[PDB]
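S.K.: Chains as they are written, first to last, in the authors' numbering: chain J, 80 to 124; chain K, 80 to 124; chain B, 3 to 224, 239 to 322; chain A, 8 to 434; chain I, 24 to 358; chain H, 24 to 252, 258 to 358.
Starting off with a structure, shown below.
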Amino acid sequence: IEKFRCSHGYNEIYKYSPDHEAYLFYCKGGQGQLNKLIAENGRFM
Amino acid sequence: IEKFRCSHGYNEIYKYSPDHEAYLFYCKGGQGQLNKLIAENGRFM
Amino acid sequence: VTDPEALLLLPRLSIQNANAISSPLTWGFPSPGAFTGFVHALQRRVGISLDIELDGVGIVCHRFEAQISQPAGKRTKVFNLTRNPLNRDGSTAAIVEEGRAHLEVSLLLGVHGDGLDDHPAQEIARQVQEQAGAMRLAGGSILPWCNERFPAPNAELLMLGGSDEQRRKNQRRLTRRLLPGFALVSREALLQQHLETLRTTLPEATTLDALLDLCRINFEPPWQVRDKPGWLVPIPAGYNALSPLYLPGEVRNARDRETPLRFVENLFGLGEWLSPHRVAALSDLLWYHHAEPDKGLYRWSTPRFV
Amino acid sequence: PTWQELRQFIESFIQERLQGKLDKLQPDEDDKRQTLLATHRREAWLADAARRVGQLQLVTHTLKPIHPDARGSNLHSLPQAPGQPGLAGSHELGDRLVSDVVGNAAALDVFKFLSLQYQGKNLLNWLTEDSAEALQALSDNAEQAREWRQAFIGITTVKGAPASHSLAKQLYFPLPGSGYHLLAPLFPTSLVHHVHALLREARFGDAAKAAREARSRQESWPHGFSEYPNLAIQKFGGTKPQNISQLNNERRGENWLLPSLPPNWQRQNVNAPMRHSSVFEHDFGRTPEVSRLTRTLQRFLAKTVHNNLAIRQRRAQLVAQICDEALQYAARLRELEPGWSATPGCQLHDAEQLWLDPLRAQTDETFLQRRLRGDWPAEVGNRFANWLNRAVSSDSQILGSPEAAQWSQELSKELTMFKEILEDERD
Amino acid sequence: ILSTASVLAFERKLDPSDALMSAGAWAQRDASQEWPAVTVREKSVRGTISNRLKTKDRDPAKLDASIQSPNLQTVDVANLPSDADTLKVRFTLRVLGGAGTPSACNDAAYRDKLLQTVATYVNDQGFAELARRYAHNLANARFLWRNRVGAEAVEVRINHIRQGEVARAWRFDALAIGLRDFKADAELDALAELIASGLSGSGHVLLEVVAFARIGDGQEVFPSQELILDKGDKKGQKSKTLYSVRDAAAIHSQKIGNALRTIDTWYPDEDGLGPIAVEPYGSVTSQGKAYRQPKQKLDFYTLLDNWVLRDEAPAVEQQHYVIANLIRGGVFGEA
Amino acid sequence: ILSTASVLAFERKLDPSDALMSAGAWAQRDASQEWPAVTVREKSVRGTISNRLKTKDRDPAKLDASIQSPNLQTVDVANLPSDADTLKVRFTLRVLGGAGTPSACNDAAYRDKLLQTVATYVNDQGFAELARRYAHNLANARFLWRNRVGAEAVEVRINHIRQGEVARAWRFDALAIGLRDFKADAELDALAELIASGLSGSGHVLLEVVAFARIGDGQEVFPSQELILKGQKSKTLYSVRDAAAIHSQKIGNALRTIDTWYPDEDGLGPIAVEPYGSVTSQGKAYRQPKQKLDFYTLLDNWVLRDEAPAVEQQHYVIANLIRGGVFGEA
């Protein structure tokens, strides 16, 4: 289960939250900010 | 375009910054510190 | 040394420009030797008149502010200096960097002697307070609390209690009074056993390196910082001999010619800033003088701590 | 171990110095090459170097960091080990002594001459020990070798009667019986140089830089690294740091003092709850230190029993610390401001009655003081335990295991101590 | 032979504190214990070049290229609030006492000779010319250094503080008491006898000095400026940093002390300056020139040697200056 | 030989304060002591590219690619409220006096010569031409820098403040008084005599200058702007305590704008009195040292070798001494 989800056309990064079963808005940015956040935090929770 | 500017009466060395088009305060000192900084960093940017 | 018969509390004392340079390796709070020498100067100036022996000192430090400034783009700090006068020609003199700091400490100094029975407790408390008002604590003037809301007075707690409960009760009363500070104690046994564990890790390790390891925030791979028990700091724990002890009238340019001189060098121990109600015994947490002059080793510590 | 190899080595050093001076001379006339080849090439170089020894001195503890118009004595003395355990300084340096040099900056050729490791050891170390290959390379007859040996040894010996200037520090020490020792301390340049080297490899060393980068990559490095926050830089020579010492040119000033600071060295100001949302946000009123401390409480979820003994000890002293700074925050609010009774309303969480200790008795004589001395409001421990119960994770396996039982018993002991200190507020 | 002691050191008597400045409105100065503090804040200054040019920067192409690039700082500034026209500067001062006894002296013969010389002076003429001038420099608010030069009215309140409460309160009009004339007054002489009894006694006499000045609404006040070397490397930093103890602007204690020591009217050069600070080889920092040179026989060291060693007692003005140095402090001694 | 002193420092006469700007409605300017402040708030901006391309960027595909990614900033902006059309800018100004005396001087001979020079200036002609121009720059609201350039009506109220209260009040139409002509009036000459008696040291002068600019509802006002070292925060405005303000040195530069004697034409008008009299907006130094008309050559000829300049040039020299600075070499 992926920790971050980039909404691609809308330039928003959604980070998974475990309390409610959903993604919440983390920050703006595209694929580069998504990959940088994956490198920092690690994907797959 | 000179990299350092000594304000002579006030004993302040101003170093040129390129982002804004102006000089900013670098350190205190007079002609000797100015010449020593010119020898270290090179003038004319 | 000997245990205190009473425990005088000098109140919150404001020191305006104390020596923030404790040692050649440490800056920050002044050396505990300043406080032990201050208490011995108090004994030298009123203790011979009130027939008491002021000995030992508990350091609390309600607030502290080093006159420092972090420069732009650096993680380190520098010291705000003073402008010394010019020389006889008008040239700027060579700047010698002195650290200055504003302290608010309170001194738990132990008192014992035959003067406790001769005078009232508030009388000798007011006497040593009126003497300490005209003194200096680490090179810094003692600010004497004029025209504020109310002066913080003294309370000479008698260490001899009628019970264990009365002893704990007025000890808790005193600890509530010196509560917004942080007591400074000497923790050398922890430094020694940290030397032993670090020598088990890699051999021929100095306790200079064990001290440095206890200071730094070192990171560990799985990343996690190393936990530290309490607020561990390096302190200068006295002096060690570099020279044979010279005769009084033998060394050139001494302070006086009736005192033997010996060139010495600092000894860096370890201290721990803890809240004062952790110790459960305020008869402890007092900094004494241990010379052993034949070997060198002029040092200060808090004996009877643990 | 042959004197001929030592002789051609020192003549190579002399001619290297000569070609250096003629290369940085830029000469075209005036015949200074004749004087340079007469003085800086032959065995006269050894004679003027043996003359120039007496300006220099090998030292470990100099006076010049204390106010630089201090013509006192400097010492090359290594102190004996303290018999008492714990404390240490500069007697740890057995083979790692750097041996600072003081004296004139013109006569450094004597030191760079004497510091050489020609055979396998130091030239002063070969010249102090009487041997065969020593006393023969820098000679043709014996007596000039004698006087040049007694010249080259004396760089480690003090010069003049022992003295410390009026600008130097001299501090009395109370002896146990009576009387004093005058104790003039000196600046340890060797110990400062060793700690400066250690801090330089700790901050700018490549083995530290690699682990610092691997922390950002979040990969596993073999070793770790350190940071050393809150260092203070202290410079000794003002604009000419060379006039103090030799090792004051490696570290250009820059004493690099370690922080010895009390924990209240960052002044935190006071903030009392006023409104309803201020009573909501300022009941706990939590500083960055307690969040840093409870972040470590959340990092104590897993436990193996042999480690869990020390982990439970750490949790015991940790909850003692969180009680300590809770009582500290309450005390500094209760003595600092009258803001707990600044303005009334309906929402202040008034059941606390610990953050307003002089705000209810020194103003209201029988209205709130008799409503607090007989009631003895100390009930903040169970609400603080409810707040502290968040610090552990709400895991079903964590509550089903006995770790929650150990957590609750140590928490109950520490809230009992918080109760015992919180009850005695009427004395 | 009675040579000079190799370690001489006198502790600083007349020890002031850091002069905290706070602000409020005039004609409610008596309720000025809850006046809010003057805070040090940041502002950006941008200037053209105004220095003298070094005769190689006087090409008008080079000048017009230079003034298109201004020089930007971020200075600290301390202003009064926009609805407060009075600066309240409030420091304390301990007059310690034992003014002749050195903190360090080598030769016990020299120490007893110096104590005999000082007691000869005190029994001859006590601290009554010196404490009158110290009471003047407390009376006129000279410690208000640049906060005094444009004030409408300066009023200085001095309170002698006994064990916990005020023992005696003064009040001066600091603009009427000039900056150059050490005249006579009843309250000034009462303060002079108090500072004399401080400097002569064994215990300390504590004074609380408060000074108000009408500057104007929102005008700039001048706290002490910090001497920081190593301003920074490769970034933009502060050119002027103001002293502030606890988020509250302040004058350094040594600046207040230099204002209190400004009593020396006896230096042999003419008094175009007026009084200067009491210093050995009396050297005004702003002037950059050291009066009382050792070329003449009128510095501190040669006067102290002639007074103590060979008993050549100088004029009463010069020994006023010598005892003023002994109250000032200092670290003396040869190799 | 009388060379120049190695230190000279003149204090700043004409000390202004931070000019606080608040906002309300015109025709109730006389009840404008409780007007709410103009608060500096933030807003977002999008820019397209608009600078010149350096002929490597003139690829059309590269230009469209730079246009598709615009720069986002967050600027500080100060506006009037939507129900307020008048900007009240208020500051106080201290005219100190003792203009010729330096705060520091090494050479006592040079100090006495300079004091004699300024004394024969003041005796030959008072601070009357200079205070006329300083009272003009108070009267026409030049210290309203960009808040003045499109205002319907500007009105300045200058109150001389004695002990606690207004000793004498002035009131001007700041658009009738131009930004370039120093003419005569009764009230301007009264204010000029007040500033003259202040600069002569013959009185304590503290003014309270309030200026109302009638801009329009909700329009943009321009407080002073600070230096910054997507949310790039490209603009920061000066505000003292949640209330926009002009820097005191900007009010000081607008008060010093009296120099109409520079050797170039008078179609530009008054500039600020500076050594090597320079306007940074025009990038050009009038009073260049190639001509003998800067501050330093005029002062060094007037004081050292007694070459008194023209009367307007010594007006400029004494205006520079009123301005302050460090003169003298290293």
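Virtual Cβ for every residue (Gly too), placed ideally from N, Cα, C.
Would you mind reading off the limits of the beta strand (DSSP E) that contains K:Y105?
M.R.: Your numbering for residue 105 of chain K matches position 26 in the second sequence. Here the beta strand (DSSP E) through K:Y105 covers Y102 to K107.
S.K.: Out of B:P73, B:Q194 and B:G135, point me to the one whose CA is closest to A:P92's CA.
M.R.: Residue mapping note: residue 92 of chain A aligns to position 85 of the fourth sequence, counting from 1. Nearest C-alpha to A:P92: B:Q194.
S.K.: So if I threshold CB-CB distances at 7 angstroms, which residues from the segment 249-265 of chain I count as touching chain K?
M.R.: Per Cβ criterion, the list reads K254, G259, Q260 and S262.
S.K.: Could you tell me the boundaries of the alpha helix (DSSP H) in which B:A253 lies?
M.R.: Along the third sequence, read from residue 1 onward, the residue named residue 253 of chain B stands at position 237. Unbroken run through B:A253 is the beta strand (DSSP E), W247 to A257; no alpha helix (DSSP H).
S.K.: List the endpoints of the continuous beta strand (DSSP E) containing H:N182.
M.R.: Position 159 of the sixth sequence, counting from 1, holds the residue named residue 182 of chain H. Note, H:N182: beta strand (DSSP E), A176 to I184.
S.K.: DSSP on A:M424, reduced to helix/strand/coil?
M.R.: As a working note, residue 424 of chain A is residue 417 in the fourth sequence. Here A:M424 sits in helix by DSSP.
S.K.: Is the CB of A:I251 under 8 angstroms away from at least one CB in chain I?
M.R.: Translated into the one-based positions of the fourth sequence, residue 251 of chain A becomes position 244. Output row for A:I251: interface = no.
S.K.: From this set, K:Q110, K:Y102, K:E119 and K:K107, which residue's C-alpha is nearest K:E81's C-alpha?
M.R.: Residue numbering aside, residue 81 of chain K sits at position 2 when the second sequence is read from its first letter. The shortest Cα separation from K:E81 among K:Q110, K:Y102, K:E119 and K:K107 belongs to K:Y102.
S.K.: Can you name the start and end residues of the alpha helix (DSSP H) that B:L15 belongs to?
M.R.: Counting from 1 along the third sequence, the entry for residue 15 of chain B is found at position 13. Note, B:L15: premise wrong, no alpha helix (DSSP H); beta strand (DSSP E) at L15 to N21.
S.K.: At which residue ranges does the segment 26-108 of chain I contain complete beta strand (DSSP E) runs of 3 or more residues, listed in the order of the chain?
M.R.: 31-33, 42-47, 63-66 and 98-102, all fully within the segment 26-108 of chain I.
S.K.: Where does B:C148 sit, in a helix, a strand or coil, going by DSSP?
M.R.: On the third sequence, position 146 is the one that residue 148 of chain B refers to. DSSP places B:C148 in coil when its eight states are reduced to three.
S.K.: Which one of B:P319, B:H104, B:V59 and B:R294 has the shortest CA to CA distance from B:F66?
M.R.: Start at 1 with the first residue of the third sequence, and residue 66 of chain B comes out as number 64. Selected option, being the one with the closest Cα: B:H104.
S.K.: Would B:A74 pass as a contact of I:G70 if the rule is Cβ separation under 8 angstroms?
M.R.: As a working note, residue 74 of chain B is residue 72 in the third sequence. As a working note, residue 70 of chain I is residue 47 in the fifth sequence. Their beta carbons are not under 8 angstroms apart, which means B:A74 does not touch I:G70 by this criterion.
S.K.: Rounded to the nearest angstrom, what separates J:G111 and J:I117 at their Cα positions?
M.R.: Along the first sequence, read from residue 1 onward, the residue named residue 111 of chain J stands at position 32. Along the first sequence, read from residue 1 onward, the residue named residue 117 of chain J stands at position 38. Approximately 10 angstroms between the Cα atoms of the pair.
S.K.: Output the distance between the C-alpha atoms of K:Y89 and I:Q51, rounded to the nearest integer angstrom.
M.R.: Taking the second sequence and counting its residues from 1, the one referred to as residue 89 of chain K is at position 10. Taking the fifth sequence and counting its residues from 1, the one referred to as residue 51 of chain I is at position 28. Computed Cα separation, rounded: 40 angstroms.
S.K.: With a CB to CB cut of under 7 angstroms and the five nearest residues on each side skipped, what residues in its chain are close to B:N220?
M.R.: The count along the third sequence starts at 1 and reaches residue 220 of chain B at position 218. For B:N220, where only same-chain residues beyond five positions count, the Cβ hits under 7 angstroms are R242.
S.K.: Which one or two residues does DSSP pair with A:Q64 in a beta bridge?
M.R.: For the purposes of this step, residue 64 of chain A is taken as residue 57 along the fourth sequence, with counting starting at 1. BP columns for A:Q64 point to A:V109.
S.K.: Kindly say whether H:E293, judged by its beta-carbon, lies nearer than 8 angstroms to any beta-carbon of chain I.
M.R.: Translated into the one-based positions of the sixth sequence, residue 293 of chain H becomes position 265. Judged by the 8 angstroms Cβ criterion, H:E293 is not in contact with chain I.
S.K.: Would H:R69 pass as an interface residue toward chain I - the criterion being a Cβ-Cβ separation below 8 angstroms?
M.R.: Looking up residue 69 of chain H in the sixth sequence gives position 46. No, its Cβ sits nowhere closer than 8 angstroms to a Cβ of chain I.
S.K.: If you follow the beta strand (DSSP E) that A:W228 is part of, which residue opens it and which one closes it?
M.R.: Sequence index remark: in the fourth sequence, residue 228 of chain A carries index 221 (1-based). Counting along the chain, A:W228 falls outside any beta strand (DSSP E), and DSSP gives it neither H nor E.
S.K.: At a CB distance below 7 angstroms, what residues from the segment 85-109 of chain K approach chain H? Give them in sequence order.
M.R.: Residues passing the 7 angstroms Cβ filter: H87, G88, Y89 and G109.
S.K.: What are the boundary residues of the beta strand (DSSP E) that includes H:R191?
M.R.: Taking the sixth sequence and counting its residues from 1, the one referred to as residue 191 of chain H is at position 168. Segment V189 to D196, the beta strand (DSSP E) holding H:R191.
S.K.: Can you have a look at B:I23 and say buried or exposed, based on whether 16 or more other CB atoms are within 10 angstroms of its CB?
M.R.: Reading the third sequence from its first residue, position 21 is the one you call residue 23 of chain B. The residue in question, B:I23, is buried, as its Cβ has 16 or more Cβ neighbours within 10 Å.
S.K.: Quick one: which unbroken alpha helix (DSSP H) runs of 4-plus residues sit fully inside the segment 258-331 of chain H? Chain order, please.
M.R.: 276-283 and 323-330, all fully within the segment 258-331 of chain H.
S.K.: Quick one: which chain A residues come within Cβ less than 8 angstroms of B:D243?
M.R.: Start at 1 with the first residue of the third sequence, and residue 243 of chain B comes out as number 227. Those within 8 angstroms of B:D243 in chain A are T303 and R321.
S.K.: Give a yes or no on contact between the segment 270-282 of chain H and the segment 80-93 of chain H, applying the rule of three or more CB pairs nearer than 8 angstroms.
M.R.: No, because fewer than three Cβ pairs between the segment 270-282 of chain H and the segment 80-93 of chain H fall closer than 8 angstroms, the two stretches do not touch.
S.K.: Given a cut-off of 8 angstroms on the beta-carbon distance, is the pair I:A42 and I:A209 in contact?
M.R.: By one-based count along the fifth sequence, residue 42 of chain I stands at place 19. By one-based count along the fifth sequence, residue 209 of chain I stands at place 186. Taking 8 angstroms as the Cβ cut-off, I:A42 and I:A209 do not qualify as a contacting pair.
S.K.: Flag H:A46 as yes if its beta-carbon sits less than 8 angstroms from any beta-carbon of chain I, otherwise no.
M.R.: Sequence index remark: in the sixth sequence, residue 46 of chain H carries index 23 (1-based). False, the Cβ-Cβ gap to chain I never drops below 8 angstroms.
S.K.: Over the uninterrupted beta strand (DSSP E) stretch that includes B:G115, give me the two end residues.
M.R.: Counting from 1 along the third sequence, the entry for residue 115 of chain B is found at position 113. Segment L109 to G115, the beta strand (DSSP E) holding B:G115.
S.K.: What number of angstroms, rounded off, separates the C-alpha of H:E302 from the C-alpha of B:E150?
M.R.: Translated into positions along the sixth sequence, residue 302 of chain H becomes position 274. Translated into positions along the third sequence, residue 150 of chain B becomes position 148. Roughly 49 angstroms between the two C-alpha positions.
S.K.: Mind checking if A:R207 is an interface residue toward chain I, Cβ cutoff 8 angstroms exclusive?
M.R.: Residue mapping note: residue 207 of chain A aligns to position 200 of the fourth sequence, counting from 1. Chain I, which has no Cβ nearer than 8 angstroms to the Cβ of A:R207, makes this no.
S.K.: Assuming I:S223 is part of the alpha helix (DSSP H), what are its boundary residues?
M.R.: Taking the first residue of the fifth sequence as position 1, residue 223 of chain I is located at position 200. Unbroken alpha helix (DSSP H) run through I:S223: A209 to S223.
S.K.: Does the distance from the C-beta atom of residue 1 of chain A to that of A:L178 stay below 8 angstroms?
M.R.: Residue 1 of chain A cannot be examined here, being either before or after the span of chain A that is shown, 8 to 434.
S.K.: For I:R75, go through chain K and note every residue whose CB falls closer than 8 angstroms to its CB, in chain order.
M.R.: For the purposes of this step, residue 75 of chain I is taken as the residue at position 52 of the fifth sequence. Going along chain K in sequence order, the residues near I:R75 (Cβ under 8 angstroms) are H87 and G88.
S.K.: Classify A:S401 as helix, strand or coil using the three-state DSSP reduction.
M.R.: Position 394 of the fourth sequence holds residue 401 of chain A. The answer is coil: DSSP assigns A:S401 none of H, G, I, E or B.
S.K.: Flag A:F180 as yes if its beta-carbon sits less than 8 angstroms from any beta-carbon of chain B, otherwise no.
M.R.: Looking up residue 180 of chain A in the fourth sequence gives position 173. Yes, contact with chain B.
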